[PDB]
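Chains as they are written, first to last, in PDB author numbering: chain I, 25 to 102; chain E, 23 to 102; chain J, 14 to 118; chain F, 16 to 118; chain D, 22 to 134; chain H, 40 to 135; chain A, 113 to 123, 143 to 154, 284 to 297, 431, 441 to 463, 469 to 479, 492 to 504, 533 to 758; chain K, 29 to 121; chain G, 28 to 122; chain C, 562 to 685. Even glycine gets a Cβ: it sits at the ideal position worked out from N, Cα and C.
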Amino acid sequence: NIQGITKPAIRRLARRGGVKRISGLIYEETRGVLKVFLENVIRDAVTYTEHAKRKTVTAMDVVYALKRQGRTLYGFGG
Amino acid sequence: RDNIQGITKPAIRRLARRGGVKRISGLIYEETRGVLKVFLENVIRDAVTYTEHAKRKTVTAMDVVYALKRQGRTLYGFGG
Amino acid sequence: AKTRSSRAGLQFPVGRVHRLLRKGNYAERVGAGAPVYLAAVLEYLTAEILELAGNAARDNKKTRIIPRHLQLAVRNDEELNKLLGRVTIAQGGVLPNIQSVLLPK
Amino acid sequence: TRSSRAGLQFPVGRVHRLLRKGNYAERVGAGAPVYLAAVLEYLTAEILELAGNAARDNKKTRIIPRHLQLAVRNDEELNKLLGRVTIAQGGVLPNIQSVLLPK
Amino acid sequence: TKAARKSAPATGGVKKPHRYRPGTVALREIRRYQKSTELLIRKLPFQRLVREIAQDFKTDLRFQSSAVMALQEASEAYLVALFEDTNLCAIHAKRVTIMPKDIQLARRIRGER
Amino acid sequence: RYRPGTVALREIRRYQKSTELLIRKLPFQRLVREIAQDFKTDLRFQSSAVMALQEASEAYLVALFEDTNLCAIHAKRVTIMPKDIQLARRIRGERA
Amino acid sequence: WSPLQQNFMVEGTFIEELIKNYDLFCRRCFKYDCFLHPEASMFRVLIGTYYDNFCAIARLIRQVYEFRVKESXXXXXXXXXXXXXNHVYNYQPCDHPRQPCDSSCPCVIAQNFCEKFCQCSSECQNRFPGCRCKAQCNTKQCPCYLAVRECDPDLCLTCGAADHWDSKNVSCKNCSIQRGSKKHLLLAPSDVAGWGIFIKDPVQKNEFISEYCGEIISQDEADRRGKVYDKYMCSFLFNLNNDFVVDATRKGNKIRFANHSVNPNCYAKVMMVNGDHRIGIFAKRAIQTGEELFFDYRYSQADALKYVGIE
Amino acid sequence: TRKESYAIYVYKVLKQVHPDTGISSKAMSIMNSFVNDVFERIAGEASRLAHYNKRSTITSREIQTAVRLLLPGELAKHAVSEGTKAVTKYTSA
Amino acid sequence: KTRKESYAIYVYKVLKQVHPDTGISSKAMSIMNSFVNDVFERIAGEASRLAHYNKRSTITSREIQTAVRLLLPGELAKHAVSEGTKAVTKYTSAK
Amino acid sequence: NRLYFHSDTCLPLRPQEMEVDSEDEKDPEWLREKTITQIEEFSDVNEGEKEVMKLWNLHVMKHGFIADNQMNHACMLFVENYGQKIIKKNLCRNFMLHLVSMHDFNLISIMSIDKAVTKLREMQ
DNA sequence: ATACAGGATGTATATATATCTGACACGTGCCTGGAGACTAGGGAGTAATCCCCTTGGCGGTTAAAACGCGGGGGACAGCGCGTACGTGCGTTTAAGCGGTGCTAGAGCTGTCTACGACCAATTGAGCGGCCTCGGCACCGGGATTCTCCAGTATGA
DNA sequence: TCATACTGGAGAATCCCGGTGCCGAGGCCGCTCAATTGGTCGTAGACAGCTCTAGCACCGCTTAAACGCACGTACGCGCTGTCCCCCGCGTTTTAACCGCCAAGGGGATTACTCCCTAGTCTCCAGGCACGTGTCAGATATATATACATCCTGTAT
Ligand SMILES: Nc1ncnc2c1ncn2[C@@H]1O[C@H](CSCC[C@H](N)C(=O)O)[C@@H](O)[C@H]1O
Ligand SMILES: [Zn+2]
Ligand SMILES: [Zn+2]
Ligand SMILES: [Zn+2]
Ligand SMILES: [Zn+2]
Ligand SMILES: [Zn+2]
Ligand SMILES: [Zn+2]
Ligand SMILES: [Zn+2]
């Protein structure tokens with residue numbers, strides 16, 4: 025579930041961000057922020073899909089949801 | 023020329039008191055003037071472009087409102 | 014009921030919204046039910062804003078609403094603050110907020 | 016055709032049809048599609064030139080998305096334009112802060 | 022020569038002027054400016070600066086007072102928000118006085134270049 | 040035995056050179072399905088959409104961690120703290 | 113000794148050296293030549451104060472007109500000035544014909560504030576303003592208490608100096624010398640030195656006991672009399688200031704009988720009251736009935752005041 | 029010359045929710061600008077949805093989805109209920 | 028089948044014109060197509076905003092020039108304006 | 562019992578005889594005679610300007626006026642008490658001169674010059 | 001002889017209060033954009049069919065995940081300090097209100113047209129499907145280059 | 001004579017070369033449908049002209065705030081010391097991914113009808129500016145109030 029983001033995963037994400045030393049109370053905050061972001065983008069995608077009268081979420085819906093949030097993403101035919 | 027010095031020390035002091043600053047250093051005025059100049063240059067460039075596109079010689083308020091909306095700084099109280 | 018707004022029990026003009034959508038170049042054809050829905054949504058939004066402004070004015074013992082009351086009503090709410098995040102109000106001001114660390118013992 | 020009449024590579028007809036069906040205005044001028052195609056061609060030419068330079072700098076023949084990310088992030092005007100734009104399989108610039116470096 | 026006089030002179034002294042401690046006037050001004058909503062930047066100098074900046078893009082330009090007032094309001098709001106973010110950053114630094122590096126970090130996090 | 044900090048910089052260089060996905064697929068997909076279950080049950084997703092969501096989340100987290108590192112270096116410290124992430128999200132305007 | 117309520121201004144080898152040494285109205289007191297400070443005509447006088455007020459110029463003596476035709492924050496600022504500007536001098540009024548009070552003013556020269564008797568400007572920064580207190584104002588915080596001066600019955604309009612005068616017991620406890628409200632005293636043979644004075648009723652700490660009245664004499668007369676008084680081993684001299692000295696031997700008050708005790712029950716203040724330097728005695732501590740009064744003469748040499756032997 | 033505004037309707041709403049309450053001209057201009065901004069946002073969202081769905085018609089469903097996407101949960105739910113009630117009252121007569 | 032549109036042929040032609048001995052993958056091609064579409068929709072939106080601000084229902088080359096000057100930085104916008112003016116000249120020479 | 566004594570007269574104080582008397586009252590008695598004999602000493606003080614001063618001095622000594630605001634009430638008391646004697650000695654106009662002086666010194670309001678000459682002459 | 005608490009005292013300050021006015025509320029006329037009524041026709045809802053794109057299950061194996069030791073560099077508490085900022089006051093200097101003249105530019109209107117929309121034919125530039133290969137991915141091996149430990153010359 | 005700095009040297013994760021294999025891309029062939037051409041009719045927009053209106057230089061006077069200077073102070077930085085918590089490594093566990101095989105149902109596509117709205121002609125009152133009355137609040141004066149701050153009394 026939410027614990028699928030293991031400690032070494034967040035460790036590698038921090039190494040990618042340039043973090044040298046990490047405390048033991050950062051994982052919960054990172055998990056919360058990721059959950060909030062995923063909930064927002066999933067709500068947007070689900071709304072676009074429900075307006076399309078379909079039952080499957082494609083990639084164009086995710087691209088539109090990211091573009092609407094000012095996070096336009098390339099590489100999927102947007 | 024030299025109108026950049028028109029932003030006096032007490033003006034920036036009051037702006038910081040409004041922002042909640044308690045203690046201010048003596049090296050903030052140059053940075054504040056630079057940031058204000060950058061912001062003014064951006065919005066003035068946008069407004070001048072909109073005015074040149076309108077084939078007019080006077081800059082109205084609708085142009086400034088549009089320039090602020092384009093920069094993600096939508097301002098209310100002037101129509102549009 | 015000659016005015017469609019009376020036919021829907023609203024106060025916002027449906028004809029003006031329909032004309033703005035036709036001349037707005039937003040689409041090729043315009044539906045019939047869209048202007049009524051838009052007018053109802055706008056009326057509900059402005060009613061909420063005016064309710065908060067009236068509450069703030071009664072909180073300040075005044076009869077005429079000033080932009081300060083509007084600023085306080087917008088900043089005191091959570092959903093309206095999230096909506097009008099990148100929106101500035103002239104003569105609005107900031108909320109009287111003071112951090113805890115600056116207070117003495 | 017019309018692209019040969021202007022000495023360009025981008026299709027003018029496709030752009031004109033997209034502007035007609037784009038619902039941007041009632042009528043479309045004749046010189047607007049040529050101008051738009053020329054601007055887009057210049058932009059993509061700049062991007063491809065920077066990508067080719069980065070690929071020759073990395074001793075490669077085919078451009079990978081990493082080269083595009085490096086070319087966009089190394090430039091100033093492209094970085095200012097594509098500020099809120101992310102690229103898949105792009106990566107980050109090799110930046111390390113000075114305080115984290117040892118003695 | 023000198024007489025055996027009895028004297029108890031107390032020099033005394035005047036009272037010092039009433040002097041506030043540093044930081045009180047700052048909080049008083051903070052409350053006063055957060056209550057009021059008037060423009061902290063005056064009109065004439067800001068207008069002359071705006072005219073000088075617009076002179077570089079095109080000469081012989083005219084502006085309406087409403088446009089200048091809108092520009093002043095927008096600039097004041099932007100500066101107030103930037104100063105609030107700078108104060109937050111300075112508070113995070115376990116300090117009270119703001120420094121130019123705080124403004125640099127605020128503009129860096131906002132993504133402004 | 041290496042000294043602390045060398046492996047960190049080595050891993051920084053290694054992860055900045057490569058571009059693969061640090062987060063694996065199945066757990067992220069299960070998390071996405073659990074989050075989407077609250078809005079509507081009995082939903083199906085394409086692998087391309089899950090991959091795009093993973094790419095967007097990784098890019099957003101990388102940018103946030105870079106901003107947090109900038110804030111921690113500006114704070115005259117080296118170790119990052121949750122208050123650094125909170126200040127970064129407050130200055131970016133993503134928090135009320 | 114004559115009884116006095118107010119001070120009185122007056123203008143073998145030992146004997147050899149003593150012989151060698153020999154070779284109109286007073287606004288300040290409201291009387292005529294005091295001892296503390431060194441129809442035609444009718445109409446001519448009335449015009450000097452009425453300025454063509456015929457209605458009164460005549461009632462006080469047409470006719471008058473005929474004869475006429477015929478003849479034809493701030494307070495704090497002053498505190499700063501005091502800071503900017533133990534020998535003490537006597538106050539004297541200042542008069543500036545065509546200038547305000549400046550460094551050349553006699554007052555600031557003598558390092559003293561301007562008083563209501565000074566003819567200087569009303570807002571003269573050198574003029575000492577009263578206190579804005581709400582009570583007795585006997586604490587250091589009171590500018591009138593810090594500055595030993597007593598409160599003025601016309602400036603300190605809050606603490607009560609200007610209140611009713613019959614009831615000498617008034618709110619402001621910084622006007623005793625003005626009224627002269629001193630406790631009842633009794634003269635009896637002192638258990639310390641000859642005669643002495645005891646207080647009839649009990650008193651509390653820092654309570655105004657009584658004023659030490661005595662003649663005011665020049666500084667040279669001070670030593671001239673003190674020589675013979677020391678020869679007598681008995682002296683009542685008491686330096687008032689660089690200008691004059693107090694001598695109550697010939698005339699004074701009962702309090703004059705006060706003795707000295709290095710551990711006394713009373714202490715002396717050289718207080719400036721209404722521009723007059725006066726010696727007051729206050730209760731250094733709670734004193735009960737019958738106790739004798741003492742205070743530190745502050746002598747530098749114990750020529751005769753070393754007997755002690757008193758509990 | 030002539031120009032449009034929204035003063036009468038805003039004043040009517042104010043008197044309906046607060047009879048003994050006034051308003052200044054600056055607040056009226058602010059409300060007008062806010063109404064125009066919300067209107068243009070919803071119209072732009074509807075046009076984007078119409079172009080994404082390859083449909084050249086803007087019905088009440090597109091507006092409903094746009095107001096669901098643009099506003100937070102409780103506010104969007106209240107707006108959707110109000111819009112559905114208004115559509116019902118309009119289709120009745 | 029669905030006859031979808033793209034920009035692969037033109038991008039490949041431009042690449043071969045500026046770099047004959049240089050390849051490209053399909054992912055980079057999709058990225059370039061998305062970038063072209065984004066720039067196109069931004070410029071179209073700017074042109075529409077200018078036409079609506081000026082109360083005119085026609086989009087000419089002047090609106091596009093002003094939009095590209097507003098959206099791009101100084102040197103890039105100057106180069107794009109020069110390219111657009113050259114293209115307009117070449118198009119107006121013939122018919 | 563401690564035995565106390567009078568200061569003027571060192572006779573002992575009997576337990577019934579005390580009859581409480583400060584003997585250090587507001588004004589001493591010898592001073593009044595001193596003032597009377599000192600005013601007369603003034604050469605160049607016309608007979609009238611010698612009596613009215615003595616009367617005034619004795620009056621203020623008797624009542625002990627300290628303040629300026631008292632001087633209106635003081636000039637009123639001086640007629641309530643010494644006016645009869647002023648009329649007996651024909652010092653009315655010198656008393657008017659006195660009232661004018663007192664007004665010049667800023668002690669009395671101008672309405673009390675008239676009110677005083679009125680009260681004095683109203684009992685004539 | 002210390003340290004904390006309490007009174008009081010000067011300073012900034014919400015609140016009564018009588019006035020003047022200009023922005024706010026309301027009456028009035030008229031026009032044009034909204035309402036009525038009837039029609040064509042093309043976009044949209046729905047029935048039917050295909051399939052490919054998605055979902056579900058099982059075997060293995062191996063890189064990734066998980067747990068514990070220890071440790072040394074990092075986080076954090078506490079004192080010195082001296083300098084840069086806070087507070088106050090004299091000086092003045094530039095900001096602000098009252099009108100002053102006026103003219104170049106904003107805005108509305110009559111007029112013509114040349115550029116743009118609509119439509120019939122068409123064909124060639126653009127798109128779906130195939131196919132071979134070489135630039136790139138993977139792996140083994142050797143040289144390369146850094147990375148840490150210890151000793152020796154030099155300061156004080 | 002001890003602390004410190006700088007140089008030498010033994011030593012492990014990593015770079016480069018050569019070889020082998022592979023699947024996505026550039027060329028190719030068949031295909032087809034939307035851009036191109038010639039032509040006509042229509043009107044949004046450019047152009048010239050006139051009217052008005054507010055942006056700007058101008059001065060004059062009044063005045064609160066800007067400027068500079070004195071004096072005091074408290075905290076940002078530096079330094080010290082003291083505790084501790086993630087990092088490097090080793091050992092044990094484990095499930096992600098890969099490859100393969102079934103299976104189905106919702107998305108894409110095609111054909112049918114149908115109904116609602118863009119359009120056109122006609123007519124009217126809701127809302128627009130314009131004008132006018134009017135009291136809520138700005139303005140100014142004074143008073144009660146809240147409070148930061150400094151000296152003094154008290155307990156250990
Ligand atoms: N306690 C004492 N012992 C000896 N002499 C004293 C004294 N107290 C006061 N004196 C002398 O008395 C003089 C002051 S007069 C004091 C009162 C006087 N002794 C009396 O009995 O009435 C001084 O000059 C001093 O020298
Ligand atoms: Zn006298
Ligand atoms: Zn003087
Ligand atoms: Zn004087
Ligand atoms: Zn004086
Ligand atoms: Zn006092
Ligand atoms: Zn006093
Ligand atoms: Zn007093």
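- Under the Cβ criterion of 8 Å, F:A40 is counted among the residues facing chain G.
- By the neighbour-count definition (other C-beta atoms within 10 Å, threshold 16), A:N710 is an exposed residue.
- Using a CB distance cut-off of 8 Å, I:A33 counts as an interface residue toward chain H.
- Boundaries cannot be given for C:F626, as no beta strand (DSSP E) includes it and DSSP labels it neither H nor E.
- In the three-state scheme derived from DSSP, where H, G and I count as helix and E and B as strand, F:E92 is classed as helix.
- A Cβ-Cβ distance of about 5 Å is found for the pair I:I66 and H:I74, placing them in contact under the 8 Å criterion.
- H:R131 has a beta carbon lying at 8 Å or more from every beta carbon in chain I.
- Shown here for C:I600: same chain residues with a beta carbon closer than 8 Å to its own, the five before and five after excluded, namely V606, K611, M614, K615 and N618 in chain order.
- Spanning the alpha carbons of D:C110 and D:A127 requires a straight line of approximately 7 Å.
- Neighbours of H:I124 in chain F, taken as residues whose beta carbon is under 7 Å from its own, are absent, since the nearest beta carbon is some 17 Å off.
- Residues whose Cβ lies closer than 6 Å to any heavy atom of ligand 3, listed in chain order: A:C541, A:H543, A:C548, A:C552, A:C554, A:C561, A:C565 and A:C567.
- In this structure, ligand 4 has no non-hydrogen atom nearer than 7 Å to the beta-carbon of E:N25.
- Under the Cβ distance rule, D:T118 counts among the residues neighbouring chain E, one pair being separated by less than 8 Å.
- Contact of H:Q85 with chain I by beta-carbon distance below 8 Å involves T80, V81, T82 and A83.
- Segment contact: the stretch 27-36 of chain J against the stretch 111-122 of chain D, fewer than three CB-CB distances shorter than 8 Å; contact not assigned.
- The Cβ atoms of G:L97 and G:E73 sit closer than 8 Å to each other.
- For C:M632, the enclosing alpha helix (DSSP H) has its first and last residue at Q631 to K649.
- By alpha-carbon distance to D:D77, the top candidate from E:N64, E:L37 and E:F100 is E:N64.
- Between F:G46 and G:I86, the gap from beta carbon to beta carbon reaches 8 Å or more.
- For G:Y37, the closest of G:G111, G:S75 and G:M59 by C-alpha to C-alpha distance is G:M59.
- Put simply, of D:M120, D:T80, D:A95 and D:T107 the residue whose alpha carbon is nearest the alpha carbon of J:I102 is D:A95.
- A Cβ-Cβ distance of about 7 Å is found for the pair D:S87 and E:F100, placing them in contact under the 8 Å criterion.
- A:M680 has its alpha-carbon roughly 13 Å from the corresponding atom of A:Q748.
- Relative to ligand 7, A:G661 has its C-beta separated by 7 Å or more from all heavy atoms.
- For A:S657, the CB stays at least 7 Å from every heavy atom of ligand 1.
- Apart from the 5 residues on each side of it in sequence, A:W642 sits with its Cβ closer than 7 Å to the Cβ of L634, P636 and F704 in its chain, given in chain order.
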